[PDB]
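To start, the structure itself, in structure tokens.
Residue numbers (PDB author numbering), protein chains in the order written: chain A, 11 to 252; chain B, 13 to 30, 35 to 252.
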């Protein structure tokens with residue numbers, strides 16, 4: 011068990027010396043370097059788009075903060091009526107008060123109805139998009155990315171060990187000890203190579219990620235089309251009655 | 013007992029804490049005007065909320081309005097999303113189908129944002145403005161007249177008390193004369209109020225035309241956005 015502490019100690023000292031610039035870093039194969047870089051960029055942008063999308067869907071930030079609170083509180087956040095439907099209610103009530111016979115009353119009541127219909131259509135889009143877009147992406151970021159991160163750490167650690175061994179051999183004098191260090195060097199190199207393959211294999215899966223997301227984007231688009239199309243028709247209908 | 017006297021004092025204080037009825041016609045008109053103001057205010061506010069959902073933005077506007085300095089031209093959600101998509105697509109590679117889609121969507125999104133800005137401008141220019149004008153101008157006048165006639169009323173009510181207490185013949189005659197003077201002022205003010213309370217009919221007509229306009233703005237915005245989406249659907 012204490013030997014493990016020695017491994018942690020060895021990995022640390024080496025990390026310090028390498029940072030001190032006194033020690034160098036064994037550069038990884040260009041292919042893996044390229045693969046890791048691509049996966050990262052992908053995650054960064056996907057995260058940004060997902061967030062901005064959400065903001066677009068739910069403009070009120072304070073509402074989002076309240077949801078976060080109840081989410082951490084493990085409680086349900088009370089539902090609220092959307093602005094479009096609310097306006098409709100006020101208008102309809104006014105129209106009624108002003109008098110249904112009056113044209114102004116007729117117009118106000120007619121509009122309030124259209125507004126509520128529009129509000130209903132809005133919620134349809136929010137649910138449709140959330141179900142078809144945000145979640146698919148979220149999945150990828152939470153699962154595959156995590157796994158890759160873990161493997162990255164393993165390979166990073168192995169490299170530290172390899173570099174530490176190298177440095178040890180560099181300062182190896184006693185023939186017998188130097189030979190032992192040579193055995194140690196062979197030992198770490200093998201393990202390092204093994205993890206490198208493991209990592210490359212996992213990184214290969216990212217290729218399909220882009221194609222999967224493209225489908226999700228096509229869906230979101232269809233949703234927006236549906237939302238505006240419905241609202242446009244609703245508006246036309248209102249003008250005919252008024 | 014003592015409790016009863018304390019209760020009596022309490023009732024007296026309630027009286028400390030807490035009328036010549038006008039001709040029905042005027043009363044009814046007054047009620048109409050008040051109702052109109054209440055409903056008009058509610059609709060004007062909610063519709064502004066519908067246009068600008070973000071409360072913090074409104075707060076900022078209020079501060080900058082008091083600051084008497086122009087508030088920065090913040091970018092709306094659609095355009096920002098478009099920017100992110102376009103840049104991301106560029107990074108992943110323009111040739112790639114995914115990148116192409118991202119860029120296209122960003123462009124359309126920015127177009128939508130511009131159309132939205134147009135819609136916002138039109139509504140506040142041909143709808144919110146007139147309504148606000150009316151509530152801020154005519155209503156004040158109306159309120160002023162109401163206060164004056166209310167004072168004439170209180171004075172008239174006092175005159176009745178003076179009349180009921182006018183025991184001396186001279187006192188009786190003086191009270192009568194003052195009551196007559198108050199009455200004359202009352203009917204004069206009443207007439208003025210009646211004139212203004214007959215203008216509410218015209219107000220309803222102007223408001224109706226304003227509403228018809230707002231309807232046009234919403235239809236135009238929805239039409240424009242629908243076409244943009246059609247174009248993108250064709251591009252991809």
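Backbone N, C-alpha and C define an ideal beta-carbon position, used for all residues, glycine too.
What whole-angstrom Cβ distance do residue i and residue j have, given they're in contact under 8 Å?
i             : j             : result
residue 45/A  : residue 210/A : 6 Å
residue 87/A  : residue 95/A  : Not confirmed; about 18 Å, so no contact.
residue 65/B  : residue 93/A  : 5 Å
residue 55/B  : residue 134/A : Wrong, their Cβ atoms sit about 30 Å apart, outside the cutoff.
residue 49/A  : residue 158/A : 6 Å
residue 219/A : residue 52/A  : 6 Å
residue 198/A : residue 33/A  : Not quite, the Cβ-Cβ distance comes to about 15 Å (not below 8 Å), so this is no contact.
residue 71/B  : residue 72/A  : 6 Å
residue 242/B : residue 80/A  : Not confirmed; about 36 Å, so no contact.
Consider the Cβ of residue i: report whether some Cβ of chain B lies at a distance smaller than 8 Å.
i             : result
residue 97/A  : yes
residue 241/A : yes
residue 176/A : no
residue 93/A  : yes
residue 197/A : no
residue 226/A : no
residue 60/A  : no
residue 79/A  : no
residue 140/A : no
residue 43/A  : no
residue 155/A : no
residue 144/A : no
residue 248/A : yes
residue 87/A  : no
residue 104/A : yes
residue 23/A  : no
residue 49/A  : no
residue 113/A : yes
Within a Cβ cutoff of 6 Å, which residues of the same chain sit near residue i, ignoring the five residues on either side of it in sequence?
i             : result
residue 122/B : 98, 101 and 102
residue 118/B : 101, 104 and 105
residue 109/A : 115
residue 252/A : 117 and 120
residue 67/A  : 136
residue 175/B : 194, 195 and 198
Cα-Cα, which of the options is closest to residue i?
i             : options                       : result
residue 173/A : 29/A, 13/A, 135/A and 95/A    : 29/A
residue 7/A   : 18/A, 89/A, 164/A and 143/A   : With chain A covering 11 to 252 only, the question about residue 7/A has no answer from this structure.
residue 246/A : 40/B, 238/B and 138/B         : 238/B
residue 200/B : 215/B, 187/B and 169/B        : 169/B
residue 226/B : 236/B, 18/B, 241/B and 141/B  : 141/B
residue 127/A : 11/A, 240/A and 12/A          : 240/A
residue 58/B  : 183/B, 148/B and 202/B        : 148/B
residue 249/B : 228/A, 248/A, 250/A and 249/A : 228/A
residue 216/A : 171/A, 63/A and 154/A         : 154/A
residue 202/B : 24/B, 80/B and 39/B           : 39/B
residue 112/B : 236/A, 242/A, 235/A and 223/A : 223/A
residue 166/B : 37/B, 242/B and 13/B          : 37/B
residue 171/B : 82/B, 35/B and 181/B          : 35/B
Compare the C-beta of residue i against all C-beta atoms of chain A and say whether one is closer than 8 Å.
i             : result
residue 65/B  : yes
residue 71/B  : yes
residue 101/B : yes
residue 223/B : yes
residue 117/B : yes
residue 107/B : yes
residue 251/B : no
residue 234/B : yes
residue 131/B : no
residue 40/B  : no
Skipping 5 residues on each side, what residues in its chain have a beta carbon closer than 7 Å to that of residue i?
i             : result
residue 42/B  : 206, 209, 210 and 213
residue 233/B : 135, 138 and 139
residue 60/A  : 144, 147 and 148
residue 74/A  : 68
Excluding the five sequence neighbours on either side, which residues of its own chain have a C-beta within less than 8 Å of the C-beta of residue i, listed in chain order?
i             : result
residue 164/B : 205
residue 179/B : 188, 191, 192 and 195
residue 244/B : 124, 127, 128 and 131
Please indicate yes or no: does the CB of residue i lie closer than 7 Å to some heavy atom of the ligand NAP?
i            : result
residue 54/B : The ligand NAP is not among the ligands present in this structure, which contains no ligands whatsoever.
Exercise for the section: Jot down the residue ranges of each uninterrupted alpha helix (DSSP H) in the region 11-57 of chain A, minimum 4 residues, whole runs only, in chain order. Expected result: Under the rule that a run must span 4 or more residues, the alpha helix (DSSP H) segments found entirely inside the region 11-57 of chain A read 12-29.
Problem - Segments of 4+ residues assigned as alpha helix (DSSP H) that fall wholly inside the region 146-213 of chain A - result: Listed in chain order, the complete alpha helix (DSSP H) runs (minimum 4 residues) inside the region 146-213 of chain A are 154-180.
Exercise for the section: Could you name each continuous alpha helix (DSSP H) segment of 4 residues or more that falls completely within the region 68-143 of chain A, going from the start of the chain to the end? Expected result: Runs of the alpha helix (DSSP H) inside the region 68-143 of chain A: 71-83, 93-108 and 113-142.
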